[PDB]
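Okay, structure first, notes after.
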Amino acid sequence: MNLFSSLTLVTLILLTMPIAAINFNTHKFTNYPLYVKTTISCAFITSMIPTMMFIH
Amino acid sequence: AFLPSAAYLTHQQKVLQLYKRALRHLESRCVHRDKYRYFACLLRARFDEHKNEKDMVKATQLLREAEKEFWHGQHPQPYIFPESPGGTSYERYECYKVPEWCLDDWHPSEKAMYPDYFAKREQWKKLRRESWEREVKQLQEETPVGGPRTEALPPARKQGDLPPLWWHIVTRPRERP
Amino acid sequence: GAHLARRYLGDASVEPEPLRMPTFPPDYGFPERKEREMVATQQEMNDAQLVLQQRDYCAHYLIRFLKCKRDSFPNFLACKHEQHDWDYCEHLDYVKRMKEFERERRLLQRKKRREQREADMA
Amino acid sequence: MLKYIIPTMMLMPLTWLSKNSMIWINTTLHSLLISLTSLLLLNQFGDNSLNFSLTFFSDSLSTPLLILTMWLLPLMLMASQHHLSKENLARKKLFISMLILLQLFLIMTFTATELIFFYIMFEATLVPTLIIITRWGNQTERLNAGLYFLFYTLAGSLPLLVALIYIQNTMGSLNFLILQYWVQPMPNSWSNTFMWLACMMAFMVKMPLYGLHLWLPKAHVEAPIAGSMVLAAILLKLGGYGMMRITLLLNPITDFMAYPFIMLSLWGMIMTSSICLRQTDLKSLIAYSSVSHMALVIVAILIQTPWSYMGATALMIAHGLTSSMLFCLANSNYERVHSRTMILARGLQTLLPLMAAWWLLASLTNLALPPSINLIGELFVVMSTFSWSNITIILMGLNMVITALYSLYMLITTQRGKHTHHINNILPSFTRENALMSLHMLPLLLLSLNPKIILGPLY
Amino acid sequence: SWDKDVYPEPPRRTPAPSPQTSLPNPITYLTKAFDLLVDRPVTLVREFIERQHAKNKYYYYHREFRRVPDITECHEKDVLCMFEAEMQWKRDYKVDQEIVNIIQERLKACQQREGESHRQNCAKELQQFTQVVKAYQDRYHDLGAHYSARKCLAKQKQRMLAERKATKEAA
Amino acid sequence: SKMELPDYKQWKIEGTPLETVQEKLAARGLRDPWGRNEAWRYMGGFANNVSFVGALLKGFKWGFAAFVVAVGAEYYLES
Amino acid sequence: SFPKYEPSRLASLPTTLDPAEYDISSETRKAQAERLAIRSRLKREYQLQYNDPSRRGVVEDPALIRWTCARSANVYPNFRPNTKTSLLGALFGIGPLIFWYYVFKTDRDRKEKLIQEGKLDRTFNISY
Amino acid sequence: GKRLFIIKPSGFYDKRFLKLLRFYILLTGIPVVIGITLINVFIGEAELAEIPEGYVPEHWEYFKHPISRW
Amino acid sequence: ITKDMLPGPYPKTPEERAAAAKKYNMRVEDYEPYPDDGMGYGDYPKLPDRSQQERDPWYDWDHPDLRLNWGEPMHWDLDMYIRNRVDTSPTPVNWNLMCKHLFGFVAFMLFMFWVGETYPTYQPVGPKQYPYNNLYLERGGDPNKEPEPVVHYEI
Amino acid sequence: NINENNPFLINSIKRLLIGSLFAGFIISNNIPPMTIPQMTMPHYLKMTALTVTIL
Amino acid sequence: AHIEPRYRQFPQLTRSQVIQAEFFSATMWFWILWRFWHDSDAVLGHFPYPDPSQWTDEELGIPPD
Amino acid sequence: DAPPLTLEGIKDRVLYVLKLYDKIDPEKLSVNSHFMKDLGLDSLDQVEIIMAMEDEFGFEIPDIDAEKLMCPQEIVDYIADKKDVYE
Ligand SMILES: CCCCCCCCCCCCCCCCCC(=O)OC[C@H](COP(=O)([O-])OCC[N+](C)(C)C)OC(=O)CCCCCCCCCCCCCCCCC
Ligand SMILES: *C(=O)CCCCCCCCCCCCC
């Protein structure tokens with residue numbers, strides 16, 4: 001229970017992080033689309049764990 | 001219809017425009033190359049059959065019935081080029097076509113990144129402001145009394161001066177900025 | 001779908017309505033008819049949290065299949081035998097329903113023939 | 001309430017004794033300090049109001065309006081200092097003085113416990129705005145706009161004075177705390193019918209009601225920017241506060257005397273939104289949008305349910321902030337191109353990108369994008385009107401569709417498309433205009449985190 | 001921690017894990033990793049913060065309001081007694097609203113917790129919700145935005161007159 | 001930058017459907033002068049494209065071979 | 001033959017099907033020359049004001065000001081109350097108001113009559 | 001090779017405004033967040049307790065957070 | 001600007017009509033004001049009510065997006081006839097034929113949906129059977145009462 | 001100028017290709033049975049979708 | 001390096017993309033053949049369908065009268 | 001994507017297309033050879049030539065500019081102006 005809800009909420013927070021990253025930026029971002037893509041891949045893994053819990 | 005330099009469309013212009021529209025729509029109906037080639041030759045034969053007709057009323061009636069025939073057999077949606085009006089990428093890059101007068105409002109801190117470009121811009125502006133009075137004096141004496149009859153502009157007659165009203169059609173933005 | 005044409009294009013006195021069925025007593029023509037037997041307890045279906053439309057007369061195979069699915073993680077292809085057993089018993093229940101419909105159709109035909117004979121004399 | 005009145009009147013010697021170049025700095029600084037000080041009114045209780053004295057009190061309805069007024073004054077000082085750049089110094093000090101006097105009257109209006117003192121301040125607010133409009137307005141018809149505004153307000157409000165004096169003579173007091181406990185039912189007669197009309201028509205004119213709204217697309221248009229901000233943001237809400245205070249005495253005659261104005265204001269918002277669809281003027285379009293939103297508030301107050309009251313006060317605060325920001329953006333465009341025509345200056349996103357972002361945010365809050373307090377107020381009013389009757393959902397849905405239509409039509413016309421070729425004086429956005437836009441936007445977005453402080457006295 | 005009587009909850013019954021297959025489930029390994037990497041540092045940090053909190057201790061109290069006479073024993077146009085009665089009635093109105101909130105939270109918790117068999121196992125919560133909603137509707141509904149104790153007294157008097165007439169015509 | 005175009009003598013319409021269009025028009029009595037312009041699409045790497053069934057059956061040989069090998073391996077593995 | 005293209009309000013006749021397009025008479029040629037002369041004179045004025053290097057502002061268009069003044073500030077001076085204006089005003093001004101009034105009054109009367117008999121289900125309604 | 005100048009409007013002033021806004025927000029945002037963290041960690045919240053007999057609390061002793069009590 | 005360039009009232013004599021035609025920059029023969037029914041138009045010209053999509057896209061307009069020229073008389077409903085709004089371009093099919101075809105299609109689909117609702121499809125099966133009195137307690141019935149026993153036999 | 005040799009396009013199309021090959025099988029074998037699947041039907045009703053697509 | 005564009009000719013191809021396309025087409029056809037060899041029931045039919053005309057009236061309980 | 005253009009490539013491609021035309025002898029045409037006079041072509045031949053060059057370069061030449069394109073040099077200059085080459 002303490003892993004399920006933690007991983008779901010951290011998937012949502014992980015998705016919302018790059019918006020704040022680009023809003024508080026001054027210089028030109030170093031390959032920002034790569035940063036967003038890496039963030040989404042990590043969020044896909046992090047949200048993939050609780051579905052395995054639900055399937056089990 | 002709507003022309004800058006002429007007040008009307010001639011008969012031959014109407015025939016040529018009809019020929020081009022009919023061939024484009026026939027290409028739209030006949031998507032393969034060999035089939036379009038065959039039917040384009042048939043259409044060209046039809047257009048060449050009545051080429052030597054001297055009766056003006058008969059040629060006018062032939063043109064009118066040809067336009068009716070084209071309107072009956074047009075494609076519901078013909079092939080439009082991507083940059084042609086009505087196309088998929090028509091006026092797509094208009095958001096990137098920033099006019100050149102916005103460079104005069106740049107801060108000097110970011111003007112120092114391009115020294116040679118801004119030097120060339122300064123000498124271009126010097127040339128324009130030097131030539132403006134000469135070109136408006138040329139335009140003043142070439143317009144007939146009663147206003148211009150068409151929208152065509154004259155070139156520069158003598159040596160040294162630029163054609164009148166040249167700045168905004170030379171410094172226009174590129175197609176892909 | 002021949003019964004669709006027999007009810008709509010044909011006559012509705014022979015073909016039974018599906019919305020109101022059966023219209024005959026279950027002892028009609030069936031001496032010492034027995035009931036169906038429920039294997040799964042009401043509490044057993046209650047605490048296994050089966051869907052209310054899924055708690056039919058063959059939920060014991062469903063409970064066995066769900067336990068097999070839970071205990072075989074992460075092997076998601078581990079057991080198809082319990083799924084096949086549940087599906088076969090579903091097929092048997094569907095065959096029972098088809099038998100009930102055919103019985104109702106034959107009883108309606110027999111009643112129609114009886115009234116036709118009764119009109120033939122009286 | 002003397003701890004806010006006295007610094008406001010002390011702003012007057014501050015602007016009349018400052019240097020020739022330091023009037024804006026001093027007035028803005030000290031008004032921002034008093035605006036920070038105004039947060040002490042949030043000591044509200046679940047049962048009792050915050051009663052200061054015999055003359056002043058402030059419950060949870062008047063507190064958001066007070067905080068909005070005291071925050072709005074430095075915004076008007078920042079906005080109005082570019083078009084008054086070349087003005088005489090004495091006239092500049094007179095302009096700032098009229099703004100200070102208007103803020104003083106407004107903060108004395110929302111806290112008046114007696115109803116006749118509320119009336120006196122509510123009609124003392126007429127003079128500074130009329131003077132501002134008719135003196136510092138830019139057009140010919142600012143005089144006609146002032147005449148229309150003044151005479152609509154006074155013709156609506158003189159029977160209110162007569163009816164309030166009648167209530168004083170009949171009941172014995174006009175104190176709002178007394179009248180909560182001494183109130184009596186008002187039976188059905190012709191005398192009470194004209195009592196209801198006399199007590200209601202002043203605030204129906206000031207809000208405005210559809211059909212009495214003819215002064216608004218004039219006073220909102222020929223005014224300067226500070227005048228338009230204070231007219232859209234605060235002055236329309238005096239009518240809402242008046243109907244919220246005065247409906248207590250008008251029961252149970254409201255339940256059938258409110259039918260014609262409910263039909264006027266339900267159909268009126270459709271008409272004003274449709275007018276917004278075909279407007280050639282940006283300022284007039286914003287004014288008609290204000291008419292539609294205040295019609296929504298009129299319906300919410302007239303059906304008199306708790307959800308309607310909470311939606312009405314939230315919608316009042318939200319529309320004040322949004323209309324002020326929209327008027328500021330339109331004024332910035334007017335300073336750039338020296339014309340109010342919406343079709344003239346187009347495609348400004350390629351030239352002014354951050355201003356285009358501010359335009360997008362203001363348009364998004366105009367069409368009630370959740371979870372903004374605009375949507376909270378509009379949603380609560382929609383729920384209460386659905387409880388009133390079911391075809392109100394048809395009317396509200398049509399209004400929402402047309403509202404989104406004209407807001408995005410505003411945005412697409414002004415910001416998107418191909419830019420105008422012959423306009424070449426589009427300067428980059430100043431820090432002052434961007435600071436003004438952000439000071440309009442950030443409180444509006446922050447209030448969605450704690451929306452309970454703008455939900456009226458029956459939250 | 002909260003009070004488990006106002007917010008009831010049945011005892012948790014979890015089944016034992018039976019690994020029928022030989023494939024290792026990743027959930028146990030992920031739980032071990034979660035306890036090693038996440039639970040232990042958070043627990044240590046909370047222990048340090050609670051140690052800091054235990055050095056100084058101060059208390060806050062729940063406000064108690066004594067009962068004053070209600071609006072039924074107030075003279076008409078007597079602002080003092082009516083003021084106290086109105087304040088008391090408004091406080092009880094707020095408390096009744098939060099009681100209805102408590103029962104609604106109970107109902108939602110039962111509906112989520114019981115799973116697919118919620119229609120059978122949440123009968124008592126539905127009955128409590130129905131009773132408390134009927135009481136709230138009979139006490140506070142249809143009063144308007146200008147509700148007061150006098151309006152509620154008038155509504156209760158009208159309902160009692162209707163009940164007395166109904167029991168007279170049925171006698 | 002600079003690109004070199006191929007030869008233009010090599011675009012001959014023979015062996016293409018444009019030759020069929022040529023003989024149909026010759027039977028009628030007409031000609032296509034632009035036939036040599038379109039002759040590139042019918043020659044070279046763009047000639048003799050697959051049909052629809054051959055497009056759906058792309059890689060069917062190796063898929064079938066792998067299926068046969070895997071089925072034989074599963075047959076031997078069960079014993 | 002071919003089906004004749006009938007024009008509508010929302011689908012205009014094409015310029016290639018207009019019988020007046022093929023007119024060659026000298027009056028129409030004179031008219032087209034005059035229209036081209038007006039257009040060319042106005043374009044010359046605009047381009048003279050447009051290409052000035054010493055100009056930094058807005059080339060004011062009197063046609064746009066004329067359009068806005070006609071759309072806004074001429075309607076009431078050029079308004080005369082007659083049968084058509086009064087009829088349209090009574091149809092579009094008091095028509096919908098009366099219609100919606102009767103609709104809402106009937107609905108609320110029906111609801112209030114059903115409530116007082118206890119025929120309307122209001123079991124869980126405590127929000128209003 | 002073949003790099004062309006891209007004509008764009010002056011982006012200096014917009015970036016300057018955004019930098020000024022961020023700096024002036026953070027100038028008090030960072031100390032307030034640090035102070036709130038230090039209040040929460042070291043001072044801490046209050047604990048609910050029953051009123052002792054004969055003792056009347058002050059009006060600010062009915063709230064939990066230290067900042068709300070202040 | 002001046003007060004003699006602004007619009008005015010309806011012209012009656014041909015002299016003021018010619019003056020107005022010169023004011024709006026159009027020929028006197030092509031200048032037609034709105035009819036004088038008191039709607040409030042004044043002497044503003046009645047242009048042929050065509051959308052901007054029908055203009056020539058290849059012409060060099062002063063305003064290219066609007067397809068509008070500087071100084072040209074501006075239509076009364078130009079903000080309605082922009083390229084973002086109502087189009088009046090000719091269609092490949094006559095308007096009446098598209099209207100009747102679409103209406104006939106929608107009406108026929110609605111009629112056949114009604115007919116299919118009247119005569120549905122099904123399968124030759126009886127009702128589904130559920131144990132424990134058709135799941136009386138599972139469906140929310142109270143246990144203190146006793147339901148009528150639903151008995152399903154074998155077949 | 002026909003080219004498709006970019007790692008981004010190839011990799012994205014490859015991932016969605018593997019998904020469109022196996023994801024239906026994996027998901028339909030992993031989800032729990034929330035209803036009763038109808039699996040007894042005549043031959044012509046079983047072959048309706050395939051025959052219609054082939055036609 | 002990149003691919004040089006060609007005029008009026010078949011474009012240049014990498015061996016990698018041809019190999020990848022052929023491999024994935026072969027994978028798709030192998031998967032279809034494998035699943036049809038194993039399941040063959042989700043497409044063809046799970047259980048036999050009994051015709052109700054062949055059921056005797058005795059087991060349906062039809063009284064001869 | 002989008003390889004650049006030059007006057008040499010434009011001239012070579014336009015002469016390629018005009019060389020594949022059967023009605024023009026390839027040993028006689030040049031960059032400034034006229035159509036009606038120097039080559040003996042009708043107006044329909046000019047229209048078909050313009051359509052062929054539109055298909056070759058993938059962009060549409062309007063008729064009011066197509067009637068005046070009478071020699072290959074003007075076609076080259078029109079394409080160079082429309083596509084903004086040698087920048
Ligand atoms: C902006 C334009 C629109 C403005 C609309 C303003 C409101 C419209 C109605 C106003 C009526 C006048 C004030 C009534 C105050 C009533 C107070 C009261 O005690 O009423 C009960 C009293 C009852 O009398 P009493 O209270 O003395 O008697 C004791 C009570 N009985 C009768 C039982 C014995 O009402 C009156 O005395 C008469 C009320 C009606 C007055 C009718 C005349 C005015 C008509 C409307 C004029 C509107 C403005 C026109 C000009 C607009 C601009 C050019
Ligand atoms: C009687 O016909 C029972 C079947 C259900 C009704 C008819 C369904 C017709 C469509 C399905 C078969 C399509 C065959 C290509």
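Every chain in the structure tokens has a letter given in the order shown (A, B, ...), and although residue numbers restart at 1 in each chain, ligands are simply numbered from 1 in the order shown.
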Expected answer as a PyMOL selection string: residues within 6 Å of ligand 1, only C-alpha atoms and all ligand atoms: chain D and resi 152+155-156+159+162-163+166+191-192+194-195+197-198+201
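For chain B, the residues no farther than 8 Å from chain I when using only C-alpha atoms are residues 2, 3, 4, 71, 74, 76 and 85 of chain B.
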Selection near region 88-95 of chain C, 10 Å with only C-alpha atoms, sequence-local residues under 6 positions removed, as number ranges by chain: C: 56-59, 61-62, 82, 101; I: 125-126, 128-129, 155; J: 36-41; K: 46-50, 52
Ligand 2 neighbours within 9 Å using only C-alpha atoms and all ligand atoms, as a ChimeraX atom specification: /C:1-5 /I:120-124 /J:42,44-49,51-52
Residues of chain E within 10 Å of chain A, only C-alpha atoms counted, as a PyMOL selection string: chain E and resi 25-27+30-31+34-35+38-39
Within 12 Å of residue 16 (chain K) using only C-alpha atoms, minus same-chain residues under 6 positions, as a PyMOL selection string: (chain J and resi 4-7+10) or (chain K and resi 22-23)
Can you write out the residues you just picked, keeping C-alpha atoms, as a PDB file, in the first residue's frame?
ATOM      1  CA  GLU J   4      14.224   7.554 -43.467  1.00  0.00           C
ATOM      2  CA  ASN J   5      17.601   6.825 -41.836  1.00  0.00           C
ATOM      3  CA  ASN J   6      17.132   8.673 -38.585  1.00  0.00           C
ATOM      4  CA  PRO J   7      17.441   6.809 -35.259  1.00  0.00           C
ATOM      5  CA  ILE J  10      13.110   4.256 -36.702  1.00  0.00           C
TER       6      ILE J  10
ATOM      7  CA  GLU K  22      12.342  -7.830 -43.582  1.00  0.00           C
ATOM      8  CA  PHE K  23      12.952  -8.993 -40.003  1.00  0.00           C
TER       9      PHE K  23
END
Selection near region 14-18 of chain J, 9 Å with only C-alpha atoms, sequence-local residues under 5 positions removed, as a PyMOL selection string: (chain J and resi 9+23) or (chain K and resi 24)
